[PDB]
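In: As they sit in the full assembly, here are the leading chains:
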Amino acid sequence: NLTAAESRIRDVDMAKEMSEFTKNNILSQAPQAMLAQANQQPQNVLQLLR
């Protein structure tokens, strides 16, 4: 039962940390595409305001 106590500090809800793993992955693939859009919009300033 001490080993049980050892688990309830170090043990992983592998389902949980997988959920936060893919959650964070999605929120790391998303803002990338946003950075694309931001680094793509002023091209129409150059090419259509001018």
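Out: It's in. Numbering: from 1, shown residues only, chains lettered A, B, ... in the order given.

In: what about residue A:50, how many neighbours?
Out: 6 (other Cβ atoms under 10 Å). No exception for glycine: its C-beta is placed from N, CA and C like everyone else's.

In: and the lengthiest helix in chain A, what does it pack onto?
Out: Counting residues, the longest helix found in chain A (DSSP state H) is helix A:14-38. For helix A:14-38, there is no helix or strand it packs on, judged by 3 or more Cβ pairs under 8 Å, 6 or more residues apart in numbering; DSSP states H and E.

In: Give me the distance from the helix or strand that that helix is followed by to the chain's centre.
Out: Downstream of helix A:14-38, the first helix or strand assigned by DSSP states H and E is helix A:43-48. Taking Cα atoms, centre = their mean, to the nearest Å, one finds the center of helix A:43-48 at 31 Å from the center of the full chain.

In: do stretch A:28-37 as well
Out: 10 Å.

In: Which phi and psi values does residue A:13 adopt?
Out: Here is the backbone geometry of residue A:13 (degrees, to the nearest 10): phi -70, psi 80.

In: Further, place chain B onto the existing structure:
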Amino acid sequence: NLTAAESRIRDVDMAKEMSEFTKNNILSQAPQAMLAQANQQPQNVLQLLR
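Out: Chain B now in position relative to the chains above:
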């Protein structure tokens, strides 16, 4: 957000300054032609009052 503050001094409304750019260009092509007319009228003093 400090960089935002940095922009709101140095940043250009490129549309705006383009508008004043062409506005000023028009008002720099116009008075030229006026200077032509002024430097062309007295020719008829010489050539028709005389």
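
In: mind redoing the neighbour count of residue A:50 now chain B's in there?
Out: 10 (other Cβ atoms under 10 Å in any protein chain shown).

In: so it makes contact with residue B:18?
Out: Yes. Under the criterion of Cβ atoms under 8 Å, residue A:50 makes contact with residue B:18 at 6.4 Å.

In: Run through the residues of chain A sitting next to chain B.
Out: A:45, A:49-50 (Cβ under 8 Å from any Cβ of the partner chain).

In: 6 Å instead?
Out: Of all the residues in chain A, those in contact range of chain B (Cβ under 6 Å from any Cβ of the partner chain) are A:45, A:49.

In: follow-up on the earlier one: just give me how far the longest helix of chain A sits from the chain centre.
Out: That offset, for helix A:14-38, works out to 2 Å (Cα atoms, centre = their mean).

In: in it, what counts as buried?
Out: In terms of neighbour count (16 or more other Cβ atoms under 10 Å in any protein chain shown), helix A:14-38 has no buried residues at all.

In: next one: the helix or strand encompassing residue A:6 to chain centre, how far?
Out: Assigned by DSSP H and E, residue A:6 belongs to helix A:2-10. Chain-centre distance of helix A:2-10: 30 Å, with Cα atoms, centre = their mean.
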